[PDB]
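J.: First, the structure itself, so that you have it in front of you.
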Amino acid sequence: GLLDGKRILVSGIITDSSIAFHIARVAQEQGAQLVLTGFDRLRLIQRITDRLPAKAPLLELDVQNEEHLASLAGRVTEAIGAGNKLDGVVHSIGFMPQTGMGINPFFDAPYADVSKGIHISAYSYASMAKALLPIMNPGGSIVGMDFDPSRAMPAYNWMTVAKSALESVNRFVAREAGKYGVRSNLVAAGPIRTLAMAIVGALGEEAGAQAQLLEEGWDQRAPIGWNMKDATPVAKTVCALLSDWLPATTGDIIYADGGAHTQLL
Amino acid sequence: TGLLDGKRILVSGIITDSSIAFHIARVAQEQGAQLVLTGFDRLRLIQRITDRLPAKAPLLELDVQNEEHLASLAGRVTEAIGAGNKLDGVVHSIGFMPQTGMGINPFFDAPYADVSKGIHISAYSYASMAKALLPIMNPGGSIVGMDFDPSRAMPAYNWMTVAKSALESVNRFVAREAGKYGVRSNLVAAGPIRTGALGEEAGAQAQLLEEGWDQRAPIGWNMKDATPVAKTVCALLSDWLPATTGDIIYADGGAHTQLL
Amino acid sequence: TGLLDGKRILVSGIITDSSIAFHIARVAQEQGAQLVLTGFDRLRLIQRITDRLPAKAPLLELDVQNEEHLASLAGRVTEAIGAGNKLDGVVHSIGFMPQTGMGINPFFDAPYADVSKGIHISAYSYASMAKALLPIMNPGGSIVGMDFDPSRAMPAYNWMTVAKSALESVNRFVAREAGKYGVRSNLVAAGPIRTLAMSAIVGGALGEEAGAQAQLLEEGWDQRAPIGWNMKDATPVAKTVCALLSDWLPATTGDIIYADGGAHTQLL
Amino acid sequence: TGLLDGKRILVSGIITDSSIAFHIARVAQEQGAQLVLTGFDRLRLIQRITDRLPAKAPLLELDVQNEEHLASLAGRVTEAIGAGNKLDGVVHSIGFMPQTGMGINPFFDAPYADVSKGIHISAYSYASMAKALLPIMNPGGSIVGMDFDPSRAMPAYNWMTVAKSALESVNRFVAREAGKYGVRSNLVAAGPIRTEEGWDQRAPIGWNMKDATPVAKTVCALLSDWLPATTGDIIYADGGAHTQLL
Ligand SMILES: NC(=O)c1ccc[n+]([C@@H]2O[C@H](COP(=O)([O-])OP(=O)(O)OC[C@H]3O[C@@H](n4cnc5c(N)ncnc54)[C@H](O)[C@@H]3O)[C@@H](O)[C@H]2O)c1
Ligand SMILES: NC(=O)c1ccc[n+]([C@@H]2O[C@H](COP(=O)([O-])OP(=O)(O)OC[C@H]3O[C@@H](n4cnc5c(N)ncnc54)[C@H](O)[C@@H]3O)[C@@H](O)[C@H]2O)c1
Ligand SMILES: NC(=O)c1ccc[n+]([C@@H]2O[C@H](COP(=O)([O-])OP(=O)(O)OC[C@H]3O[C@@H](n4cnc5c(N)ncnc54)[C@H](O)[C@@H]3O)[C@@H](O)[C@H]2O)c1
Ligand SMILES: NC(=O)c1ccc[n+]([C@@H]2O[C@H](COP(=O)([O-])OP(=O)(O)OC[C@H]3O[C@@H](n4cnc5c(N)ncnc54)[C@H](O)[C@@H]3O)[C@@H](O)[C@H]2O)c1
């Protein structure tokens, strides 16, 4: 397969609608040996990951928990046995409290909420690279999930700001990862109907309409179209970055959005 | 006629007479603006600095992390310019990142608590001030913030670069809200301004950036002079960029447009 | 004392009194600039237009594809402002792309002869203009060209988009050359302005479909723009050019200023 | 199984064994693609070069400035791949600028006729090759062109930089047309390959300007089905140098 005999960590699975779930599935189809991490509802997460092609160890990881991060590399090594290292890391984690999104005014989000969001959605990319780089092989690859924040838009609000921060964090992580012979990139995906997708049904009628408007305009703008209910094209893109087939790309963003961002109307 | 004749503009961020905000206020005054100034910590000390400005101006206390200062800010400004009057301009020239997040400390070594404080003061506060001051701004008004181009990574700037990226995104959103008021929102991205203390390596890094910046800039770059940056901000506060908002104007000698 | 008091500025691209160049010229004259104008083909018709400016100005002939017109322009400008006087500003508001590379014609069906002519006039000429006039410009001076944001593709604009992309790259290189003279070079990326050709297509002169895309482009532009966009008002763009011609943006060059309502900064 | 297993791919731009297109071709064949090659001037000479390719591939003639080559191309391709067969990928690895538009020669001194020829071969030809070949491409196919990041001005590269800026715009528009066929259009912006020393410096993973394989691999990635939602775009294979200021 594309990732034959590669040992790859995947964070971010919460349902079988999670982008990370599909990244995991495709990685396994492509021959990769996985270690998974989960936040909070690990009973649920375990049951969910049972439906993946192959069995995988599931580790606890709250990115805001300094102890989890500090014990993380050791718990992975045990999971994959001493002598072996990781070839890939997938950051598919995000969060922004309700006050920082939706119909709730941009100006009314408490800094505490915004800060919790940036910690989870942006700072933790660096946290995970820090914990995991010492157990990564050269030629390795760290990949995180992004949503093009280069332009403002309704509803997304402070999550946009967090992704803007994330992209900046990525460029710096690339500097550190390169010392290890490891690449660091982001996959900017178009809208995918995940857990929080959610806002289309929550963030306040109005925000929901705007989300639907965003979705609709995305499919039209994309020269090859965009669905939306299919996370597979995004998972394949992530896998492409984990493979040895983009070996000169780092600190960068690969857009798996149907080309929508390259078109105005 | 002065460029900002009759305009009423609030400037934050003056701490020394070397501060970018100090020269912005100076030029704005030379061009006829009526200023309200804000100050963070030692309010007595900056009063001494602000006394060296071309003309006297009200000095209001504003710690941007204190949500109480923010809630009362508009009232205290209206009291200063006299009730019945509003602001035509707001200048955000505030930035902070602890040494743990910039300079010599390894990028992975910055604790989030410090990063978070840095982001609050350097980016979120742009939204905070806008929230506080938009209800008392005139249509056609202008909010200007200070930026340092964070589109690419670089030595030392580290987490402040991440803050500046955050800020740019914040600026695009503030534009959406300021638009309801007829108000523009923009950032001025400035070249390096002189506002071995960090060691031999850091001193060489800084020298290399400065040399490289003047080298890269088609019209050169004078790190000793904040006057061109001040003037750019005054351009944005004026009425001569009326169709520009959510945007970034680069006052960097054009360095960012050139590879070598 | 106006923004541009005591400055000598060359303006190109006046063809009608609706031309962006016409509004730029008007506002510049209003701000105390001493203008020199250039004209391409209909030299006596444009004089009639240029006489509608608040101040009369020497109209010189310039076909940017005419290599001898370029070779003589500096001298003919000197003749109009008197020796010992130099130019402080230059406005390039010149654009052209044949209907084969723009509008309804399929992107693939534009012949290169047509595209090349478009790129010559719309992009290359920025550099040939700079080349001609730099040796008679004062330091601290300014050259500005008109742009339409080509970073993303869109219906109808087709090869004119390509030319503007080329123009943005040219401007970055012109900046390097002009820097040797203490001169800045910048573009103003304007939002869509109702030229007579723009009003015509909206009316339906390019057919029902083209007319629909036009409404859509304009309606969406004003929507996206946080401060809105009025396609019938070229004044905010003209002031932006004057800002750049002034000394108030002294450290900006090789760059693009967006006078577009902020639309380009907003996804929806 | 190969990455491009069973795929029919046209590859232009091979002139010597050091061409990006040579290694693109080389890596593609290693990944199980059946190739068609195209060459420009010295057809006999470049034929001797394609001999070294791991397999044999039918070599056709294509001057992108020649309307006749372009008009007959798809037919000459179908003839080589057999009726009933289409292409799955196309590689555009073509560039040219007359000396006066590059190097030491002043930016202002280059005649438009030189620039126009550069722009024709370097930028317009991407749409022209797409026009020709899309009617013979399978859905899910991929078109790839070679780019050098022109977003900032730089010494020496000069008018070639203007050509690349134009190419990036053309690519966005080709993607509109290609999408109608279910086909993607992307650019690979590669670092300097021998055909700045500060490039290896800025690159967080370094950069070896004698090694075209990583660039070649990136192109193969875009030709694969592993970047199925990317079009109108630019993929940087430059050691990440463009993401760092210093
Ligand atoms: N669905 C979309 O349209 C879309 C588009 C582009 C990018 N993204 C990004 O893709 C990623 C995955 O989100 P998703 O869309 O798959 O929905 P999701 O809810 O299934 O996955 C998000 C994950 O965040 C995890 N998380 C929250 N707090 C955490 C913590 N403190 N520690 C560890 N994990 C924590 C959750 O447990 C969850 O598994 C995000 O970073 C997101 O912003 C989503
Ligand atoms: N000096 C440069 O080269 C340069 C280049 C580009 C951008 N900038 C930006 O310009 C701006 C001003 O910084 P400077 O270069 O003038 O140095 P400076 O130290 O003189 O100004 C920074 C200001 O931050 C204010 N501040 C810190 N915490 C605050 C709080 N909690 N509440 C209210 N105010 C607070 C300080 O009081 C101070 O006046 C920043 O936004 C900065 O990042 C500087
Ligand atoms: N109308 C819009 O929406 C809009 C928006 C953004 C940018 N622009 C740009 O602004 C500029 C001015 O165009 P406009 O909108 O005012 O319409 P316009 O037709 O009034 O201006 C175009 C000018 O190019 C001149 N020109 C063509 N060939 C020439 C030659 N061989 N030599 C010398 N001059 C020649 C024309 O004669 C004309 O005056 C252009 O560069 C254009 O692409 C227009
Ligand atoms: N070498 C580098 O460092 C580098 C870096 C980034 C991008 N690129 C791009 O990669 C591609 C190939 O570059 P290269 O390094 O392999 O140089 P090269 O000399 O090996 O190949 C260039 C190709 O241009 C072709 N060509 C010129 N005129 C033609 C015409 N009229 N019709 C058809 N073909 C014609 C040549 O025949 C040749 O095969 C170009 O588009 C180039 O700009 C090269």
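Just so we're on the same page: first chain in the structure tokens is A, next is B, and so on; residues restart at 1 for each chain, and ligands are numbered from 1 in the order they show up.
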Got a sec to tell me which of range 32-93 of chain B DSSP assigns to alpha helix (DSSP H), as a VMD selection string?
T.: chain B and resid 43 to 50 67 to 81
J.: Compile the contact shell of residue 165 in chain D as a ChimeraX atom specification: residues with an atom at most 6 Å away, counting only C-alpha atoms, same-chain residues fewer than 5 positions apart removed.
T.: /C:165-166 /D:150
J.: Residues of range 61-100 of chain C classed as strand (DSSP E or B) by DSSP on the backbone are to be reported as a list in words.
T.: residues 61, 87, 88, 89, 90, 91 and 92 of chain C
J.: Residues up to 6 Å from ligand 2, counting only C-alpha atoms and all ligand atoms: could you list those as a CSV table (one decimal) with N, CA and C atoms, in the first residue's frame?
T.:
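Contents of the output file out-v2.csv:
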```csv
chain,number,residue,atom,x,y,z
B,13,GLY,N,-0.6,52.7,23.1
B,13,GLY,CA,0.7,52.1,22.9
B,13,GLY,C,2.0,53.0,23.1
B,14,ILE,N,1.8,54.2,23.6
B,14,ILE,CA,3.0,55.0,23.9
B,14,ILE,C,3.6,54.6,25.2
B,15,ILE,N,4.9,54.1,25.2
B,15,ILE,CA,5.6,53.9,26.5
B,15,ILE,C,6.9,54.6,26.5
B,16,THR,N,7.6,54.7,25.4
B,16,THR,CA,8.8,55.6,25.4
B,16,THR,C,8.7,56.5,24.2
B,18,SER,N,10.5,56.4,21.9
B,18,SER,CA,11.0,55.5,20.8
B,18,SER,C,9.8,54.7,20.2
B,19,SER,N,8.7,54.6,20.9
B,19,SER,CA,7.6,53.8,20.6
B,19,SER,C,7.0,54.3,19.2
B,20,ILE,N,6.6,53.3,18.4
B,20,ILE,CA,6.0,53.6,17.1
B,20,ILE,C,4.8,54.5,17.3
B,21,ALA,N,4.0,54.3,18.4
B,21,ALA,CA,2.8,55.1,18.7
B,21,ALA,C,3.2,56.5,19.1
B,40,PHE,N,-1.0,52.0,29.6
B,40,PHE,CA,-1.2,50.8,30.3
B,40,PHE,C,-0.8,50.9,31.8
B,62,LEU,N,-5.7,52.5,30.3
B,62,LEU,CA,-6.3,51.3,29.6
B,62,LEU,C,-5.3,50.1,29.6
B,63,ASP,N,-5.7,49.2,30.5
B,63,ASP,CA,-5.0,47.9,30.5
B,63,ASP,C,-6.0,47.0,29.6
B,64,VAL,N,-5.6,46.6,28.5
B,64,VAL,CA,-6.5,45.9,27.5
B,64,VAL,C,-6.9,44.5,28.0
B,65,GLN,N,-6.3,44.0,29.0
B,65,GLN,CA,-6.7,42.7,29.6
B,65,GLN,C,-7.8,42.9,30.6
B,93,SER,N,-1.5,50.3,18.8
B,93,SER,CA,-0.1,50.1,18.7
B,93,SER,C,0.4,49.4,20.0
B,94,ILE,N,-0.2,48.2,20.2
B,94,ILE,CA,0.0,47.5,21.4
B,94,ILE,C,0.5,46.1,21.1
B,95,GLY,N,1.5,45.6,21.7
B,95,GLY,CA,2.0,44.3,21.4
B,95,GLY,C,2.7,43.8,22.7
B,96,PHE,N,2.6,42.5,22.9
B,96,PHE,CA,3.3,41.9,24.0
B,96,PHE,C,3.4,40.4,23.8
B,121,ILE,N,-3.2,40.3,24.4
B,121,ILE,CA,-2.7,41.7,24.3
B,121,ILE,C,-2.4,42.1,22.8
B,146,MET,N,-1.1,47.9,14.3
B,146,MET,CA,0.3,47.6,13.9
B,146,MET,C,0.6,46.1,13.7
B,147,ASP,N,1.3,45.8,12.6
B,147,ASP,CA,1.5,44.4,12.2
B,147,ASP,C,3.0,44.3,11.8
B,148,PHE,N,3.5,43.1,11.8
B,148,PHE,CA,4.8,42.7,11.2
B,148,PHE,C,4.6,41.5,10.5
B,189,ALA,N,1.6,47.0,8.2
B,189,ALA,CA,2.8,46.1,8.4
B,189,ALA,C,4.0,46.9,8.2
B,190,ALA,N,4.8,47.0,9.3
B,190,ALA,CA,6.0,47.8,9.3
B,190,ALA,C,7.2,47.0,9.2
B,191,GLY,N,8.3,47.6,8.6
B,191,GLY,CA,9.6,47.0,8.6
B,191,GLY,C,10.1,47.1,10.0
B,192,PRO,N,11.3,46.5,10.3
B,192,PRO,CA,11.9,46.5,11.6
B,192,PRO,C,12.3,48.0,12.0
B,193,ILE,N,11.8,48.4,13.2
B,193,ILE,CA,12.1,49.7,13.7
B,193,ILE,C,12.9,49.6,15.1
B,194,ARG,N,13.9,50.4,15.2
B,194,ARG,CA,14.8,50.4,16.4
B,194,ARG,C,14.1,51.1,17.6
B,195,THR,N,13.3,50.3,18.3
B,195,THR,CA,12.6,50.8,19.5
B,195,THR,C,13.3,50.2,20.7
```
J.: Select the residues contacting ligand 4 at a distance of at most 9 Å, based on only C-alpha atoms and all ligand atoms, then format the selection as JSON, numbers by chain.
T.: {"D": [12, 13, 14, 15, 16, 17, 18, 19, 20, 21, 22, 38, 39, 40, 41, 42, 46, 61, 62, 63, 64, 65, 66, 92, 93, 94, 95, 96, 97, 117, 118, 120, 121, 122, 123, 125, 145, 146, 147, 148, 149, 160, 164, 188, 189, 190, 191, 192, 193, 194, 195, 209, 212, 238]}
J.: Which chains and residue numbers are within 7 Å of ligand 3, counting only C-alpha atoms and all ligand atoms, if I want them as JSON, numbers by chain?
T.: {"C": [12, 13, 14, 15, 16, 18, 19, 20, 21, 39, 40, 41, 62, 63, 64, 65, 92, 93, 94, 95, 96, 121, 122, 145, 146, 147, 148, 189, 190, 191, 192, 193, 194, 195, 198]}
J.: Mind writing the picked residues with C-alpha atoms as a short mmCIF file (atom, residue, chain, number, x, y, z; two decimals), in the first residue's frame?
T.:
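New file selection26.cif:
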```
data_model
loop_
_atom_site.label_atom_id
_atom_site.label_comp_id
_atom_site.auth_asym_id
_atom_site.auth_seq_id
_atom_site.Cartn_x
_atom_site.Cartn_y
_atom_site.Cartn_z
CA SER C 12 -2.76 58.20 -19.16
CA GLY C 13 -5.98 56.42 -20.06
CA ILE C 14 -8.58 59.16 -20.38
CA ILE C 15 -10.96 58.12 -23.16
CA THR C 16 -14.33 59.23 -21.75
CA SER C 18 -16.26 58.08 -17.13
CA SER C 19 -12.67 56.82 -17.41
CA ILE C 20 -11.05 56.02 -14.07
CA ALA C 21 -8.13 58.04 -15.39
CA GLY C 39 -3.79 60.05 -25.51
CA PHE C 40 -3.74 57.07 -27.85
CA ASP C 41 -5.87 57.21 -30.99
CA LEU C 62 1.13 58.03 -26.82
CA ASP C 63 0.52 54.63 -28.38
CA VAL C 64 2.33 52.31 -25.97
CA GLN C 65 2.80 49.84 -28.83
CA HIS C 92 -0.82 54.21 -15.88
CA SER C 93 -4.55 53.62 -16.39
CA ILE C 94 -4.34 51.68 -19.62
CA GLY C 95 -5.95 48.36 -20.36
CA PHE C 96 -6.94 46.37 -23.40
CA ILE C 121 -0.80 47.03 -23.81
CA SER C 122 -2.02 45.97 -20.34
CA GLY C 145 -1.02 51.44 -12.35
CA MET C 146 -4.56 50.13 -12.26
CA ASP C 147 -5.18 46.51 -11.35
CA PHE C 148 -8.06 44.08 -11.01
CA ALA C 189 -6.59 46.94 -7.34
CA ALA C 190 -10.00 48.50 -7.85
CA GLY C 191 -13.44 47.00 -7.36
CA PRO C 192 -15.57 46.77 -10.55
CA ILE C 193 -16.37 50.21 -12.04
CA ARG C 194 -19.22 50.89 -14.46
CA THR C 195 -17.37 51.89 -17.61
CA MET C 198 -19.45 47.54 -18.21
#
```
J.: Would you give me, as JSON lines, each residue of chain A having an atom within 9 Å of an atom of chain B, along with its shortest atom pair and that distance in Å to one decimal, using only C-alpha atoms and sorting by chain and residue number?
T.:
```
{"residue": "A:106", "atom": "CA", "partner": "B:173", "partner_atom": "CA", "distance": 7.7}
{"residue": "A:107", "atom": "CA", "partner": "B:131", "partner_atom": "CA", "distance": 6.0}
{"residue": "A:108", "atom": "CA", "partner": "B:131", "partner_atom": "CA", "distance": 8.6}
{"residue": "A:111", "atom": "CA", "partner": "B:120", "partner_atom": "CA", "distance": 7.2}
{"residue": "A:114", "atom": "CA", "partner": "B:124", "partner_atom": "CA", "distance": 8.6}
{"residue": "A:115", "atom": "CA", "partner": "B:116", "partner_atom": "CA", "distance": 6.4}
{"residue": "A:118", "atom": "CA", "partner": "B:116", "partner_atom": "CA", "distance": 8.4}
{"residue": "A:119", "atom": "CA", "partner": "B:112", "partner_atom": "CA", "distance": 7.2}
{"residue": "A:123", "atom": "CA", "partner": "B:112", "partner_atom": "CA", "distance": 7.3}
{"residue": "A:126", "atom": "CA", "partner": "B:108", "partner_atom": "CA", "distance": 6.6}
{"residue": "A:127", "atom": "CA", "partner": "B:108", "partner_atom": "CA", "distance": 7.2}
{"residue": "A:129", "atom": "CA", "partner": "B:108", "partner_atom": "CA", "distance": 8.4}
{"residue": "A:130", "atom": "CA", "partner": "B:108", "partner_atom": "CA", "distance": 6.0}
{"residue": "A:149", "atom": "CA", "partner": "B:169", "partner_atom": "CA", "distance": 7.3}
{"residue": "A:150", "atom": "CA", "partner": "B:169", "partner_atom": "CA", "distance": 7.2}
{"residue": "A:151", "atom": "CA", "partner": "B:172", "partner_atom": "CA", "distance": 7.0}
{"residue": "A:152", "atom": "CA", "partner": "B:172", "partner_atom": "CA", "distance": 5.5}
{"residue": "A:153", "atom": "CA", "partner": "B:173", "partner_atom": "CA", "distance": 7.8}
{"residue": "A:154", "atom": "CA", "partner": "B:173", "partner_atom": "CA", "distance": 8.8}
{"residue": "A:157", "atom": "CA", "partner": "B:173", "partner_atom": "CA", "distance": 7.3}
{"residue": "A:158", "atom": "CA", "partner": "B:170", "partner_atom": "CA", "distance": 8.1}
{"residue": "A:160", "atom": "CA", "partner": "B:169", "partner_atom": "CA", "distance": 7.1}
{"residue": "A:161", "atom": "CA", "partner": "B:169", "partner_atom": "CA", "distance": 5.3}
{"residue": "A:162", "atom": "CA", "partner": "B:166", "partner_atom": "CA", "distance": 6.9}
{"residue": "A:163", "atom": "CA", "partner": "B:166", "partner_atom": "CA", "distance": 8.3}
{"residue": "A:164", "atom": "CA", "partner": "B:166", "partner_atom": "CA", "distance": 5.6}
{"residue": "A:165", "atom": "CA", "partner": "B:166", "partner_atom": "CA", "distance": 5.1}
{"residue": "A:166", "atom": "CA", "partner": "B:162", "partner_atom": "CA", "distance": 7.9}
{"residue": "A:167", "atom": "CA", "partner": "B:165", "partner_atom": "CA", "distance": 8.3}
{"residue": "A:168", "atom": "CA", "partner": "B:162", "partner_atom": "CA", "distance": 5.3}
{"residue": "A:169", "atom": "CA", "partner": "B:162", "partner_atom": "CA", "distance": 6.2}
{"residue": "A:171", "atom": "CA", "partner": "B:153", "partner_atom": "CA", "distance": 5.6}
{"residue": "A:172", "atom": "CA", "partner": "B:153", "partner_atom": "CA", "distance": 5.9}
{"residue": "A:173", "atom": "CA", "partner": "B:107", "partner_atom": "CA", "distance": 8.3}
{"residue": "A:175", "atom": "CA", "partner": "B:153", "partner_atom": "CA", "distance": 8.3}
{"residue": "A:176", "atom": "CA", "partner": "B:107", "partner_atom": "CA", "distance": 8.2}
{"residue": "A:251", "atom": "CA", "partner": "B:153", "partner_atom": "CA", "distance": 8.8}
```
J.: What residues of the protein or nucleic acid chains come within 8 Å of ligand 1 when you use only C-alpha atoms and all ligand atoms? Reply as a PyMOL selection string.
T.: chain A and resi 11-21+37-41+61-65+91-95+120-121+144-148+159+163+187-197+228
J.: Just N, CA and C atoms for this one: save the residues we selected as a short mmCIF file (atom, residue, chain, number, x, y, z; two decimals), in the first residue's frame.
T.:
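Everything below was put into result-v6.cif:
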```cif
data_model
loop_
_atom_site.label_atom_id
_atom_site.label_comp_id
_atom_site.auth_asym_id
_atom_site.auth_seq_id
_atom_site.Cartn_x
_atom_site.Cartn_y
_atom_site.Cartn_z
N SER A 11 -4.74 11.27 15.98
CA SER A 11 -5.62 11.87 16.98
C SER A 11 -6.92 12.29 16.31
N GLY A 12 -7.93 12.60 17.12
CA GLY A 12 -9.09 13.30 16.61
C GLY A 12 -10.37 12.55 16.31
N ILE A 13 -10.33 11.22 16.38
CA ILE A 13 -11.56 10.43 16.20
C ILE A 13 -12.55 10.62 17.36
N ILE A 14 -13.78 11.04 17.04
CA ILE A 14 -14.85 11.01 18.04
C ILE A 14 -16.09 10.24 17.55
N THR A 15 -16.41 10.36 16.26
CA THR A 15 -17.43 9.52 15.65
C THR A 15 -16.90 8.91 14.36
N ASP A 16 -17.73 8.12 13.69
CA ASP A 16 -17.30 7.57 12.41
C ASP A 16 -17.53 8.59 11.30
N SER A 17 -17.95 9.79 11.69
CA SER A 17 -18.06 10.92 10.77
C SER A 17 -16.83 11.80 10.87
N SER A 18 -15.98 11.53 11.86
CA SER A 18 -14.77 12.32 12.07
C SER A 18 -13.84 12.20 10.87
N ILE A 19 -13.25 13.32 10.44
CA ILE A 19 -12.25 13.29 9.38
C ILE A 19 -11.12 12.33 9.76
N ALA A 20 -10.75 12.34 11.04
CA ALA A 20 -9.70 11.46 11.54
C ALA A 20 -10.07 9.99 11.38
N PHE A 21 -11.36 9.67 11.52
CA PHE A 21 -11.81 8.29 11.34
C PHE A 21 -11.50 7.82 9.93
N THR A 37 -5.25 8.20 19.36
CA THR A 37 -5.49 8.89 20.62
C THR A 37 -6.90 9.45 20.68
N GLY A 38 -7.46 9.50 21.89
CA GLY A 38 -8.81 9.99 22.09
C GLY A 38 -8.97 10.91 23.29
N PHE A 39 -9.91 11.84 23.16
CA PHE A 39 -10.15 12.81 24.21
C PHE A 39 -11.48 12.57 24.92
N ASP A 40 -11.42 12.44 26.24
CA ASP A 40 -12.62 12.40 27.08
C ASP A 40 -13.40 11.08 26.96
N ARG A 41 -14.34 11.02 26.02
CA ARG A 41 -15.25 9.88 25.90
C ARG A 41 -14.57 8.65 25.28
N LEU A 61 -5.46 11.21 25.22
CA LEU A 61 -4.73 12.46 25.05
C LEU A 61 -5.64 13.68 25.10
N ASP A 62 -5.59 14.39 26.22
CA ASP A 62 -6.15 15.73 26.31
C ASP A 62 -4.99 16.70 26.09
N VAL A 63 -5.04 17.45 24.99
CA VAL A 63 -3.91 18.29 24.59
C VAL A 63 -3.67 19.41 25.58
N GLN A 64 -4.69 19.74 26.36
CA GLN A 64 -4.57 20.75 27.40
C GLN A 64 -4.01 20.17 28.70
N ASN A 65 -3.83 18.86 28.72
CA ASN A 65 -3.32 18.20 29.91
C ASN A 65 -1.83 17.97 29.79
N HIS A 91 -2.67 15.34 13.32
CA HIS A 91 -3.37 16.23 14.22
C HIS A 91 -4.72 16.55 13.56
N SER A 92 -5.79 15.98 14.09
CA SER A 92 -7.13 16.29 13.58
C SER A 92 -8.05 16.75 14.72
N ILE A 93 -7.64 17.83 15.37
CA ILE A 93 -8.23 18.26 16.62
C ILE A 93 -8.64 19.71 16.51
N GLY A 94 -9.82 20.03 16.99
CA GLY A 94 -10.24 21.41 16.98
C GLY A 94 -11.34 21.59 17.99
N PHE A 95 -11.52 22.83 18.43
CA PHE A 95 -12.56 23.17 19.38
C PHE A 95 -12.64 24.68 19.49
N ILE A 120 -6.40 24.46 22.05
CA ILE A 120 -6.75 23.16 21.49
C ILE A 120 -6.51 23.13 19.97
N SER A 121 -6.93 24.18 19.28
CA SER A 121 -6.92 24.17 17.81
C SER A 121 -5.59 24.57 17.17
N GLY A 144 -1.58 18.26 9.97
CA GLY A 144 -2.73 18.77 10.70
C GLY A 144 -3.86 19.26 9.81
N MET A 145 -5.05 19.34 10.38
CA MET A 145 -6.23 19.76 9.63
C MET A 145 -6.45 21.27 9.74
N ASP A 146 -6.84 21.90 8.63
CA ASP A 146 -6.94 23.35 8.55
C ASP A 146 -8.21 23.67 7.75
N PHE A 147 -8.72 24.88 7.92
CA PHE A 147 -9.78 25.41 7.08
C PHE A 147 -9.34 26.81 6.70
N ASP A 148 -9.09 27.01 5.40
CA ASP A 148 -8.54 28.26 4.86
C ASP A 148 -9.11 29.50 5.53
N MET A 159 -12.94 30.66 15.29
CA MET A 159 -12.28 29.47 14.81
C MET A 159 -11.39 29.82 13.61
N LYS A 163 -7.39 29.04 13.24
CA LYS A 163 -6.75 28.44 12.08
C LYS A 163 -5.64 29.33 11.49
N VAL A 187 -3.52 20.26 5.76
CA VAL A 187 -4.46 19.99 4.69
C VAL A 187 -5.64 20.88 4.98
N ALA A 188 -5.82 21.87 4.12
CA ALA A 188 -6.96 22.76 4.21
C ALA A 188 -8.11 22.10 3.46
N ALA A 189 -9.12 21.67 4.20
CA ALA A 189 -10.23 20.93 3.63
C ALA A 189 -11.44 21.83 3.44
N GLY A 190 -12.28 21.48 2.46
CA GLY A 190 -13.55 22.13 2.30
C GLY A 190 -14.47 21.56 3.36
N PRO A 191 -15.70 22.07 3.43
CA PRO A 191 -16.61 21.70 4.52
C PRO A 191 -17.00 20.22 4.44
N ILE A 192 -16.94 19.54 5.58
CA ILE A 192 -17.29 18.13 5.68
C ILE A 192 -18.32 17.99 6.79
N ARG A 193 -19.38 17.23 6.53
CA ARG A 193 -20.43 17.03 7.52
C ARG A 193 -20.02 16.10 8.65
N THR A 194 -19.27 16.66 9.60
CA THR A 194 -18.84 15.95 10.80
C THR A 194 -19.77 16.23 11.98
N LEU A 195 -19.33 15.82 13.17
CA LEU A 195 -20.07 16.05 14.41
C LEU A 195 -20.69 17.43 14.47
N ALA A 196 -19.82 18.43 14.62
CA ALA A 196 -20.24 19.81 14.57
C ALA A 196 -20.56 20.24 13.15
N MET A 197 -21.49 19.55 12.50
CA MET A 197 -21.84 19.85 11.12
C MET A 197 -23.16 19.18 10.74
N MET A 228 -18.37 16.85 0.75
CA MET A 228 -19.43 17.44 1.60
C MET A 228 -19.94 16.34 2.52
#
```
J.: With a cut-off of 8 Å, could you pull out the residues of range 87-182 of chain C touching range 170-185 of chain D and give me the nearest pair of atoms for each, distance in Å to one decimal, using only C-alpha atoms, ordered by chain and ascending number, as a tab-separated table?
T.:
```
residue	atom	partner	partner_atom	distance
C:107	CA	D:173	CA	7.5
C:152	CA	D:172	CA	7.0
C:153	CA	D:172	CA	5.7
C:154	CA	D:173	CA	7.9
C:158	CA	D:173	CA	7.1
C:159	CA	D:170	CA	8.0
C:162	CA	D:170	CA	6.3
```
